[PDB]
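Just so you know, all these numbers are worked out from the coordinates, no wet-lab data involved. Don't worry about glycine lacking a Cβ; one is built from the backbone with ideal geometry, like all the others, and counts go over all protein chains shown.
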Amino acid sequence: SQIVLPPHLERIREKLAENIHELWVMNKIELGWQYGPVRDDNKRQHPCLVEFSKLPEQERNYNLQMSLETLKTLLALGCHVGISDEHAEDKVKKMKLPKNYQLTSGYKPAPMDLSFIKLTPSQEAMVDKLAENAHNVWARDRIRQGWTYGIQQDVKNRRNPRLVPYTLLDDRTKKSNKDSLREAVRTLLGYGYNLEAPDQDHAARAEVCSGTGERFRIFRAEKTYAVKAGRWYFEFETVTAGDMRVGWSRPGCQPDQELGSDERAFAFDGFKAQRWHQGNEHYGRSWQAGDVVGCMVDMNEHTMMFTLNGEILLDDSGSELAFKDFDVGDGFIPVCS
Ligand SMILES: Nc1ncnc2c1ncn2[C@@H]1O[C@H](COP(=O)(O)OP(=O)(O)OP(=O)(O)O)[C@@H](O)[C@H]1O
């Protein structure tokens, strides 16, 4: 709403409106519609074909204000647009189209050709957000109208399966509205209005949006199975690849604290290729999905070793010991976060 329209867009948006309307009825001509006083599309007749003046004026202002809304959305999404040259407005180049195949209205639709114009990948990402916003507008309007999502379409109960997020929308509708708004942007460029799409802004939510404040769950064996001497081994399998830590913990490990933050646990974070005990040090490489991590402790000479898919992991130096020396204490139990 707060978007203000620059004077040249104010000059140009009306002719964009009726030019894309003539285009738009050319699309329904491709679909096979013909002009008729009746509204029913099933009998192939629809009065949207004729020019804007003889169009139902409520459909006319609907099309006009949706054109303005689309260009204001272009403005609001941070995509600046300039004027290429006065030649783009001076020229009125036209494709020849047979009158019988064209509409009844005298004003002949076809704009400057699509082949001459080129659409950049940034420009296509732009019309992606345009289709997103158009779908949101349609959904919000029907929601104030009272319509509600339903798997089976029901006009009587105002239930429509198309009231879904655009990422979840059906590919047919996505491609249809994508191409319509794409061709609208194509005409915008054809009138010599080069819109400079801003570069994609790198924003990562980092998966942190977990349900409730629970950030990680720690799984450990019972404190009674603590080992105080000998050689021990167990395997940890990574179904996914992500923020996990595996290793050995003392009976006093706190469930709320992360493994390796304090002295109670000795862990290996392969997601960052990071070893953890009272801090983080670089050790080993990163795992992928399906990798099996072998955790070995020798509690006679107080060493710990890790293997990823069989090969022994190494720290920055050539040493194979994740933790070279540590006290016996109360023992160690397998643990994973
Ligand atoms: N004649 C038209 N006038 C205005 N918008 C139209 C017209 N035809 C299609 N649209 C737009 O394309 C969408 C496709 O609608 P659909 O294929 O169900 O046919 P429609 O009966 O013309 O639609 P609607 O009554 O919702 O405008 C519509 O929701 C609307 O946004």
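A few notes on this one:
- Among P251, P109, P165: highest mean-square fluctuation, GNM of the chain, C-alpha pairs under 10 Å: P251
- When peptides 223-231, 299-307, 182-190 are sorted by average Cβ neighbour count within 10 Å, with the highest value leading, the order is 182-190, 299-307, 223-231.
- Under 19 Å from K15, Cα to Cα: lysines that are on another chain or at least 8 residues apart: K54, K72, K91, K93, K94, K108
- Dipole moment magnitude, nearest 20 debye, the stretch 91-208 about Cα centre, only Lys, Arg, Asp, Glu C-beta charged: 780
- Our helix-only sum for the chain, with -39,500 (n - 2.57) per DSSP H run of n ≥ 4 divided by its residues, gives a mean residue ellipticity at 222 nm of -9500 deg cm²/dmol.
- Note on the chain: GNM, Cα springs under 10 Å; of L313, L119, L77, the largest mean-square fluctuation is that of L313.
- With a cut-off of 11 Å between beta carbons, the residues surrounding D327 carry a summed charge of -2, where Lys and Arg count +1 and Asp and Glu -1.
- Selected from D154, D170, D315 as most flexible by GNM, with the chain as the system and alpha-carbon contacts under 10 Å: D315
- Relative contact order (%) - criterion: Cα under 8 Å, at least six apart; region: the chain: 13
- The stretch 167-326 - percent relative contact order, Cα under 8 Å, separation 6 or more: 16
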